[PDB]
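One line per chain: the protein sequences are T, S, G and H, in this order. Reading the first sequence from the start, the letters are residues 1 to 44, 47 to 360, 369 to 436 in the deposited numbering. Reading the second sequence from the start, the letters are residues 1 to 44, 47 to 360, 369 to 436 in the deposited numbering. Reading the third sequence from the start, the letters are residues 1 to 38, 46 to 437 in the deposited numbering. Reading the fourth sequence from the start, the letters are residues 1 to 38, 46 to 437 in the deposited numbering. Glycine residues also receive a C-beta, built at the ideal position from the N, C-alpha and C atoms.
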Amino acid sequence: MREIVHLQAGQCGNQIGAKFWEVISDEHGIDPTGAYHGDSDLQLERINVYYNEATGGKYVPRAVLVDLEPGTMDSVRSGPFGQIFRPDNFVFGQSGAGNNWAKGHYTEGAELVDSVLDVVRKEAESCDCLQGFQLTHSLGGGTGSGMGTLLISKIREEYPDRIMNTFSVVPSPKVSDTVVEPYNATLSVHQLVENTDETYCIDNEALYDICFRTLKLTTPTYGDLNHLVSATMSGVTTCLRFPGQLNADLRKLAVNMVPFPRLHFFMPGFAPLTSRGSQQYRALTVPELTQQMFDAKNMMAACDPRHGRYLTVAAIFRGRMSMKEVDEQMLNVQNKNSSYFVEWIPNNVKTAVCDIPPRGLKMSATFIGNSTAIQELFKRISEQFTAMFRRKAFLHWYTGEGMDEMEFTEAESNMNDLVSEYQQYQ
Amino acid sequence: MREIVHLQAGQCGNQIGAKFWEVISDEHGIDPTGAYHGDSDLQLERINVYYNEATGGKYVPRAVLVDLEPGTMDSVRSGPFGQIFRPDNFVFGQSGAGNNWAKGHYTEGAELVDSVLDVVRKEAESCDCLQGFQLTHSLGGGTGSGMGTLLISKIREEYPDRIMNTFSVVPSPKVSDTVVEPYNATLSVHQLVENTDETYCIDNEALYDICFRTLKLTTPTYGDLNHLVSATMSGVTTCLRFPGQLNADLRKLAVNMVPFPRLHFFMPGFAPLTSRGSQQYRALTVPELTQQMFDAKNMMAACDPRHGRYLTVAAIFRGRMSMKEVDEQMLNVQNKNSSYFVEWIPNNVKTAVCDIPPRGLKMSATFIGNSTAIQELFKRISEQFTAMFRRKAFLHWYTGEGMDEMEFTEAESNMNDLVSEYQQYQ
Amino acid sequence: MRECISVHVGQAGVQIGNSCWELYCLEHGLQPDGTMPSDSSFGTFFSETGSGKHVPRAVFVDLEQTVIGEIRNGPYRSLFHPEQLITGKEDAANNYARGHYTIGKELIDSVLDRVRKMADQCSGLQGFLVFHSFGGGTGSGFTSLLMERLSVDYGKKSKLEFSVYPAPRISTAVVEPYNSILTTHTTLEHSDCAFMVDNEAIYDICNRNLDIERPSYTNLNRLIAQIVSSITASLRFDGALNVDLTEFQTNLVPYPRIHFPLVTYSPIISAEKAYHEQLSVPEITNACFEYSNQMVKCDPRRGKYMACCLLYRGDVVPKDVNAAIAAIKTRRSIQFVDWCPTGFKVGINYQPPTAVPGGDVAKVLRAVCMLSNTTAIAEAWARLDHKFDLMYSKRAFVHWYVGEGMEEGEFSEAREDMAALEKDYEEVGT
Amino acid sequence: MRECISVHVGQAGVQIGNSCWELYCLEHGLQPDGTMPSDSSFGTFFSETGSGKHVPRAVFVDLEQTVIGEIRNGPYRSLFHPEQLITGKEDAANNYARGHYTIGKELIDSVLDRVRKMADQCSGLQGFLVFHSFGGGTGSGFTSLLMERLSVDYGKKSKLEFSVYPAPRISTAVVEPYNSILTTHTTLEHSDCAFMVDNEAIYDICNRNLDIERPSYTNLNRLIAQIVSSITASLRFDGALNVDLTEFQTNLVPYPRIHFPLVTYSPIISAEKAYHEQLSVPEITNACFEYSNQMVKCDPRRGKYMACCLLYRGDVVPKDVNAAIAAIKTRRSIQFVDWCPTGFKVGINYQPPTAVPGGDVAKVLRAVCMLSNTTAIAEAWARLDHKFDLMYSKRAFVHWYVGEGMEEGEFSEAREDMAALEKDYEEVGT
Ligand SMILES: CC(=O)O[C@H]1C(=O)[C@@]2(C)[C@H]([C@H](OC(=O)c3ccccc3)[C@]3(O)C[C@H](OC(=O)[C@H](O)[C@@H](NC(=O)c4ccccc4)c4ccccc4)C(C)=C1C3(C)C)[C@]1(OC(C)=O)CO[C@@H]1C[C@@H]2O
Ligand SMILES: CC(=O)O[C@H]1C(=O)[C@@]2(C)[C@H]([C@H](OC(=O)c3ccccc3)[C@]3(O)C[C@H](OC(=O)[C@H](O)[C@@H](NC(=O)c4ccccc4)c4ccccc4)C(C)=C1C3(C)C)[C@]1(OC(C)=O)CO[C@@H]1C[C@@H]2O
Ligand SMILES: Nc1nc2c(ncn2[C@@H]2O[C@H](COP(=O)(O)OP(=O)(O)OP(=O)(O)O)[C@@H](O)[C@H]2O)c(=O)[nH]1
Ligand SMILES: Nc1nc2c(ncn2[C@@H]2O[C@H](COP(=O)(O)OP(=O)(O)OP(=O)(O)O)[C@@H](O)[C@H]2O)c(=O)[nH]1
Ligand SMILES: Nc1nc2c(ncn2[C@@H]2O[C@H](COP(=O)(O)OP(=O)(O)O)[C@@H](O)[C@H]2O)c(=O)[nH]1
Ligand SMILES: Nc1nc2c(ncn2[C@@H]2O[C@H](COP(=O)(O)OP(=O)(O)O)[C@@H](O)[C@H]2O)c(=O)[nH]1
Ligand SMILES: [Mg+2]
Ligand SMILES: [Mg+2]
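Below you can see the structure in the form of structure tokens.
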């Protein structure tokens, strides 16, 4: 019944993934041992969406864990929930990607993908009706960017009609840890624009802006960033895991969210987010969830939506709430902000409403933006790429893996073609 | 339902503002935590006018707090009510305005206004029907005068039909703390005459005259001055927060108060004010509230109204009182004082009457004067400006920010044009 | 049969309505929840649903929420149908052009939809009773928007209109003369009988007859509702000489545009004096001809009477009324026009005036409402067009009206049309 | 004798069904386990098995499991036959072409097999009651697949169809205009009477009449079921003037393609007001002609009425109804066509409206459902084909429909066929 297969690539993809599995195990009431310990029948009704039943009523999550180094598998397996995953589903190399896309895609991960893909088959053949693939990765570095997009290509060729749905942490100039980040991302975005049905563009600069300007955390870690990402991952699948007044499958999102085939680079958000010391003073209700959700400080990519227009927004609400009040606020937003929505679509907002809010809050909303403002994320990567590439800097590490200079020229060409298609509807 | 967005600029604007939020939270029965603790349904009926509902029935005030220094945010956030405001709505720089208008308007605040204005959008988009903007600032110094009038210009261009309503503490010769006060004010008044729909002209000399010659305070602080200002701020919005025998919105004031577009420099007052040791001997009633309200010692600008004529006065009464008695006294005043009202308007007094008097008094009246006597406030600033400017004194601090000498000439030109339009109807 | 749709507009019309419906509920014995413990006398003002709930034939309209949200919360929250209490977001700001062109332009097609759903529940609808302020932005601009629609939608039906009009000295607004003069097209073209009332005249009646030294608006509205109960009493009750709502107009209105009667009520009296006065039919008839009891500050002796409707109610007999009007015809200070030799239309109804239990106005065996077409009312127009002239000579507030979609020439076209009405009332006295 | 097969399709149709079957069980006194404690009144809606268990004549169909798995688990799990609650694996994704061509193509021959096993238990089946969303992928595409089959398999039998239709402003999907326009062939060719309903109109009815400030879908579905109880009441109960399901159509439908009536119900009322309103037959008749009570956001005054079915139920008498429709014929704002001089079909049934005990809608002695063929409904089509035109000028989402086996030309062929229906409703008003 609409099973998902989930795949984790590199350090970032395994870290946002290993936090996601702690979040949806809390929702479904699954113990770190894999045993069920929840309150409610609704937690158990759709446990098959993310888990396999095994003997003694132990639940085993349908993750595949992929890396070119053992050290992230060792960090996940030893972690808060590490014992939950199937030992056979940890698929790994020994020598890493070197932060090189071409090691991921052509050498170190091209060896390993035959050992990954045949595990993706065992999980997809155990499904009753697979709806799709949910892949967590980063576009900087070499494992997530280059092996993860190799793996997207292989699963896309094998499962052409299932939803391919990716959560993609990607570079920005003011929060960076790699010299060759622009190269790896430009080579990787070239695969995402052709193969994925949805890609949720996420940024460490925007995830730090939520931690300082909303949550007021003094020292936000990667563990705090991974918690913001995984809340929106739990959010968008909610309507195939729980009952609701308006149900929306990942495909019911895609049909409404993607006007023209390639414009599927979304930008997620979440509400309510409150400063930890301030919760008692806030009224949780649909118009406050709306005034947070649609504000430029809440979105998890550096793009200010005031630099573009939305094509479509989806607001996937959770909790006991009025359909008049939801339909009123999703009208009031796009009429009072009409200069920020495209005027050749007569209603830009999709709504969905689940009856079951996250554990410990009365309501919640996961936001998905599609906006021409995502041109700014692809533009700044393309101009960092260009300034290195005009002087061929660092290319011997990629051409040493047998990659052509022509593949860089063709990747940055396809990047400007993606920038041009969003700028066309501005 | 007729939401207001409130904005605080510089030290003075954040201090009269942070006292105003203590006054209207006492009225609406809101705790320093943001929780509601009031007596009455009428306190809750219009709480949306100044607050957002948030989870747990906590109320969050719709203030934006703006400064170029952290130290006033630190003083507000640590203060009597500091924990009430949204952490995201404190928008601030690090290096101050130097008491320089051109730092506010062109350099230090021109950097920051992009971070202010996008918060004013989140609050205005959360409104059901915004009626206007209520901005607290000073015309001396550089943050309130130069950044606050930059921000008025930006919000005026974005919201052209909403009420722009400003409370403006401004210079006078006998109570002064700045050498360049005349410059900053003359550059700032040039923005207020074009953009605002109402500006309430307030003076520290007149606020000290109320403290010594009425209240008989031995040592009045800025905290005592801020309490007089914020009583008249609560006063003029009363008729959209509480029921009444005659309701007057801020727009119903403006249509009656502003005969010709630019003559909107008002002069506020409040009654009853009594010496603290004398209250038991006074009869609180409409003709005593009138004999205080219309007397030259009560108004909060240095202008004696006996040096001009009123165009319009608005008396916004609060409490259980007779409409015959109000209409009798507002007639008796302008017939017995007919030499002090313009004789081409057949009735110079607007009245309004709210059913709910301030907590702890049986009645109250907020007075708004429009009078040709406000020429004296603009004249004495213009002559202090002139005596420095004839010798170009201090101009390297402003022209160092890339400002022209021509902008000083054009500001003082527009100041004498405002003096001439009030003196024309004398 | 014999229905009336009552439309209450702006703060003044809604607050007069909150006194009208306070009275009609007592007079018909309807609880404030719309139920009736224990004849079709209520049918003029109330639709009856099968639960035994009587729902008023009223629409309440305001462009801002505050006054109708109080009606939706006070003792009458259960009386009215929730969608015939109609509100906007935005106040009309004492600006005619916001009421007529900009803000009321949005609520009008919802106001009409309620009036249609009320008229479709009538069977021989008698007319409309429209309550408003002449000085208000919603009062002038929204009533003038609504009346223009009702005068094409319901062209045959009589439109009776109760107006709180600006005083000689008492005023609440600077722009009250502008809103009133802009309204004069509404009353001339889209009304059939327009009852001007003045706050300052009722304040003086309260001081001299009720002996209340300092009245509120609740004291005024309790007099203004009492007149409409007495205009409608012949529609609602048995009488010796019942008067139809068009029979009234056929005797009040001598010429198509001469439909601005004065109104007065007697006895206005407190419980301190009602037990010592006789309150005979002769005295309460004569009280209606005193300048002291006219509810507009103008002197009837500076005019001539065209026609009087003496609408008596309670314990009176046609003997007494004829003997009374014979003394009024004898008094040379009460002067009729040469062309109205009959002068008086008499109505007599068997239902006494109902006391509101909280009120100042005392229990009495008799009342009369006198509604009176007289040339004197042109002075209340000559006062206000002299207030208009001082301000329009400067264009003193005109940018607020021009800024909200009005033509500047409408001020000249309204002062012009008022001068043609003030001409007509001087022309027929001769 | 007098059976109806009720088919509930997609989330909207199933959730309206979960309110329909909540009502029918109360109204016939059937427990939620299908048993009946202590006349054949239930026979229209329930088959009876020898255990004394009443099983509904209903099919529930959804292409995804979630909503019907909730029906299979909630209080009605024991009411329905387990194989007439029908589910697929895969959601239709708000895509007409998944419902019609790709996913619903698999479940259809199982849906028909249940409808055959229900029809073979009928003896003089009266018709079908088909419940759906116009905006859904299952709602539009699966209903249009099913109706094409039922219109060859059961060609004589009347197909009544209850549709939740897109609003002027309220919408839940970007592609709601595409799914609705593609449905217009279904209603034109394979339906006999199609009741359009609007979420935004019921939300406003809830606000103004029930005084609920913020309603859910449970509040809407409890109004939509109440209308179908009133359409079927003459099939189920004794009355003074019972109406057959084809007698209804012979008076509603003037021309073969002109079978899109409005529907309305009165009184919609809360327990706060039902004890103060009269709710006389005159008032609840007049309430049906107010724009305020129409369940599609269009104004009947911008149209002409072709025919009205006034279906009264509860304590009413033909005297009162004739006296009521005589006032409706008197009102010049309610305009019929020149070619329908009779105008009104009256039904009267002795069974009052059943309250759902958890509901907002109050106990009342009387109700009327007015079902009304009027030219005004063409504006609800003119709204939505202007939403379609903006998106089809860009081909804005067309690759999702072309990608799932639809011809691209069907969008032009559907906008064309809608323009011919919007032509027909303008053509007959003259
Ligand atoms: C008493 C009270 O109000 O507790 C709240 C709380 O104070 C606040 C501040 C919580 C708290 O969130 C954080 O501290 C936080 C820190 C970094 C990054 C993200 C969150 C909370 O920890 C988070 C926690 O939320 C959950 O448990 C959700 O179900 C969430 N899952 C987890 O956070 C989780 C934690 C550990 C293990 C497994 C899951 C979730 C979100 C989306 C989808 C599914 C589940 C809640 C309600 C609270 C606390 C406990 C203080 C907030 O988070 C959520 C998701 O509600 C932060 O802003 C909201 C507003 C809440 O009021
Ligand atoms: C027993 C008694 O009569 O107490 C009075 C009192 O003695 C007098 C002197 C009060 C007092 O005012 C002052 O001491 C004062 C000092 C400096 C500047 C301004 C005021 C009073 O403190 C002030 C206080 O007023 C209020 O509380 C109002 O609601 C006011 N709000 C506040 O002052 C306030 C204080 C703390 C926290 C939050 C609000 C207000 C005014 C306008 C609009 C809304 C609210 C009142 C009645 C009194 C005391 C307590 C002695 C007076 O003030 C007011 C606003 O009434 C000063 O002249 C009046 C006359 C009063 O009689
Ligand atoms: N008698 C009486 N007069 C009232 C009452 N309320 C207001 N008035 C009169 O109303 C006149 C002004 O009109 P407004 O009250 O401002 O009318 P409005 O329609 O609410 O105007 P807007 O606020 O602009 O929409 C004044 O002259 C008042 O004296 C009331 O309850 N009784
Ligand atoms: N009144 C009411 N309207 C509903 C309800 N459920 C859904 N709707 C309406 O359904 C319309 C959209 O159709 P869907 O709910 O997506 O129909 P669906 O058949 O389930 O569509 P698919 O998921 O694609 O199969 C919206 O306009 C909703 O307002 C309900 O229970 N009551
Ligand atoms: N949110 C998040 N970002 C991470 C985490 N670890 C690394 N990143 C960041 O995103 C990039 C991820 O690249 P990485 O995963 O190291 O490359 P790979 O291992 O070769 O795929 C790094 O440069 C970091 O800036 C993590 O745990 N969470
Ligand atoms: N009423 C009042 N006046 C103040 C306060 N603080 C400063 N002022 C006075 O008004 C002027 C305000 O300027 P300031 O706010 O310091 O300039 P800015 O910070 O650059 O905007 C000062 O020169 C003081 O005379 C205060 O708390 N209340
Ligand atoms: Mg008003
Ligand atoms: Mg569906």
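- Using a CB distance below 8 Å, the part of the stretch 54-84 of chain S facing chain T consists of 54, 55, 56, 57, 58, 59, 60, 61, 62, ordered along the chain.
- In summary, residue 103/H is buried, with 16 or more beta-carbon neighbours lying within 10 Å of its beta-carbon over all protein chains present.
- 187/S is the residue among 187/S, 227/S, 178/S, 133/S whose C-alpha sits nearest the C-alpha of residue 151/S.
- When the Cα atoms are used, residue 189/T and residue 95/T turn out to be separated by approximately 22 Å.
- A direct Cα-Cα distance of roughly 40 Å separates residue 250/H from residue 245/T.
- Just measuring C-alpha positions, the residue of 14/S, 436/S, 98/S sitting nearest residue 265/S is 436/S.
- Set against 7 Å, the gap from the CB of residue 12/T to the closest heavy atom of ligand 5 is smaller.
- Of the heavy atoms belonging to ligand 8, none sits nearer than 7 Å to the Cβ of residue 11/G.
- By the neighbour-count criterion, in which 16 or more other beta carbons inside 10 Å mark a residue as buried, residue 14/G falls on the buried side.
- Linking residue 340/H to residue 20/H through their CA atoms gives a straight-line distance of about 35 Å.
- Listed along chain G are 179, 180, 181, each with a C-beta nearer than 8 Å to that of residue 352/S.
- Annotation: residue 320/H is outside any alpha helix (DSSP H); the continuous beta strand (DSSP E) that includes it extends over 312-321.
- Neighbours of residue 128/S across chain T, judged by C-beta separation under 8 Å: 289, 290, 292, 293.
- At least one heavy atom of ligand 2 sits closer than 7 Å to the Cβ of residue 360/S.
- Distance from the CA atom of residue 338/G to the CA atom of residue 345/G, rounded to whole angstroms, is 15 Å.
- Of all residues in the stretch 394-426 of chain G, only 394, 397, 398, 401, 403, 404, 406, 407 come within less than 7 Å of chain S when Cβ atoms are compared, listed by chain position.
- Looking only at 332/H, 320/H, 314/H, 124/H, the smallest Cα-Cα distance to residue 233/H is reached by 320/H.
- Around residue 100/H, the beta-carbon contacts reaching into chain T at under 8 Å are 251, 253, 254, 256, 257.
- By the criterion of a C-beta distance shorter than 8 Å, residue 350/S is surrounded in its chain by 312, 313, 314, 315, 336, 343, 344, once the five residues flanking it on both sides are discounted.
- Residues of chain H with a Cβ closer than 7 Å to the Cβ of residue 326/T are, in chain order, 210, 221, 222.
- Nearest C-alpha to residue 181/T among 55/T, 237/T, 395/T: 395/T.
- Bounds of the beta strand (DSSP E) holding residue 312/S are 312-321.
- Closer than 8 Å to the CB of residue 431/G there is not a single CB belonging to chain H.
- Rounded to the nearest whole angstrom, the CA to CA distance from residue 272/H to residue 377/H is 6 Å.
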